[PDB]
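Report on the structure given below.
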Amino acid sequence: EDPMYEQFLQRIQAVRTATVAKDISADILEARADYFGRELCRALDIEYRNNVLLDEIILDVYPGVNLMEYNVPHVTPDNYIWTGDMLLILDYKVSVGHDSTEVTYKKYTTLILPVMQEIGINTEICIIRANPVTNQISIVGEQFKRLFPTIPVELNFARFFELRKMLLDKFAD
Ligand SMILES: [Mn+2]
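The authors' numbering puts the first residue of the sequence shown at 2, with every later residue one more than the last.
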């Protein structure tokens, strides 16, 4: 009774090979992390965004920038927050471990902060992560942790689990 559930469902019923089911699994993963994002933004009263290009953020905080003199990498973090002195580069994980978080922390560290350091914008990269089994939230970014001590999120990942479970049940061999 939700488009996302029924569109994944139809796709799980139809899928016939493991090479194609892996793309469905990747699709659910990103869908689970989008819903985390929406709820997190609603819970935090910041505007919702997903996969925004670096160039667009730069030009929303800093419209006068002489862009073409900078090598601005093509990265798309999920969202950002501009305070007037600090640029919070946001990112949504949902996971039960921290490995993927560390990957995206390193990539976004070396790919974003160099150019922001030349433009002169105080940047910090923030990965918020929800454990989907236990619902605990883990935050990286001391400035984000400060600006938001209470994260009042109401999550439920059950539809995502049922989906990724049916996919595993179909290919348990
Ligand atoms: Mn993303």
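Think of the CB as a built atom: it goes at the ideal place given N, C-alpha and C, for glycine as much as any other residue.
Check	Outcome
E155 - DSSP class collapsed to helix/strand/coil	coil
Assigned secondary structure, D170 (DSSP; H/G/I helix, E/B strand, else coil)	helix
Burial state of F172, where buried means 16 or more other Cβ atoms lie within 10 Å	exposed
Enclosing beta strand (DSSP E) for residue 175 [first to last residue]	The question about residue 175 has no answer here: the residues shown for the chain are numbered 2 through 174.
For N80, the nearest candidate out of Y6, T18, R39 (CA to CA)	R39
Pair within 7 Å by beta-carbon distance, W83 and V53	no
With 16 other Cβ atoms within 10 Å as the buried cut-off, status of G65	exposed
Reference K166; option with closest CA among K107, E2, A131, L30	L30
Sufficient close CB pairs (3 or more, under 8 Å) joining the stretch 125–134 to the stretch 91–110	yes
Nonlocal neighbours in the same chain, by C-beta distance under 8 Å from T110, ignoring five residues either side	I126
Check: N52 C-beta below 6 Å from any heavy atom of ligand 1	yes
C-alpha distance - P150 paired with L45, whole-angstrom precision	10 Å
Counterpart residues of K23 in DSSP-defined beta bridges	DSSP, once it has assigned bridges, lists no residue as partnering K23.
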